[PDB]
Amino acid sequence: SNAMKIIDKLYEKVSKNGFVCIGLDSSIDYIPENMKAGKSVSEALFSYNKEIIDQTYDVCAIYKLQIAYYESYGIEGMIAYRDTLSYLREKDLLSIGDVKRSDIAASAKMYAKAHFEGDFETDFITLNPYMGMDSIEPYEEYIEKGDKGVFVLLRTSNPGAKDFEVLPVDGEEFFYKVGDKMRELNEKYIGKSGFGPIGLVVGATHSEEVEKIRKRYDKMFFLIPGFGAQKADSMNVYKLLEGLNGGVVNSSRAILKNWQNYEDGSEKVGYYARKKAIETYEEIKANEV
């Protein structure tokens, strides 16, 4: 019965908890003075994440950690990163290491060891495919065993996407060349759920495009990095899902900083993170017709 492959576990989690991905992109700047009082940077970051995790574990499918925030704090940040990941793995919870690494061959094998084992072990990592299939192939050793997944950059919604991602190659955007290669790799590893563990990072761009990408890559999970505050934005996110599944939608700052909007927030960081996580799911789902 219970899912074995990590992609099936994620599908399971999305079915049970909804498609929200909570982004623990944590900063000391976000933490109440009373909670950071007396603590080192590593203790403060970990305590804040723990407070959030404990109140949100059943209202999101997965947590994502933008490792840049932890690297910005040096060794103390990396200690918090390790402690958070260990805590997640203890609580039976899923993690994405948002690392977007770029390397090939031996250096990629070292990142695979760094992020799929040991201190920085996560269930999924994000990967940049610029250097070609030998920036993805070295991770297959892990993916083939069934316990680790990747999300590969495809098409993001930032203004810089207009510089390279969308350039015409043979009558279609560049990024489709990347996507189609991952699509054929993914086919080797399809799980019980009908999805494989080679996913794509896809931003909510505009209606026509999100529907085309969703349909073209219907057996890959989408990591949606975030979304804006306007009505078209949540509709476009909704359109990157298939039956409220097949994707997770990241929310970082809105969740991490929600306590700052309430007079009693300093004492209820996790409660207010929870309130936002729930609202996010409800917002996106309300697009259903």
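Numbering starts at 1 and runs along the sequence shown.
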Comparing 28-36 with 47-55, the one whose average Cα B-factor in the PDB entry is higher: 28-36
Residue stretch of maximal mean CA temperature factor, 245-253 vs 259-267: 259-267
Most elevated Cα B-factor in the entry, residues 83, 218, 98, 103: 218
Candidate set 119, 71, 123, 209 [ranked by C-alpha B-factor, highest]: 209
Residue 214 CA temperature factor, ranked by third within the chain: middle
Third assignment of residue 128 from its chain's C-alpha B-factors: lowest
Chain third (lowest, middle, highest) by recorded CA B-factor, residue given as residue 189: highest
Residue 224 - Cα temperature factor, lowest/middle/highest third of chain: middle
Residue 201, C-alpha B-factor rank within chain (lowest, middle or highest third): lowest
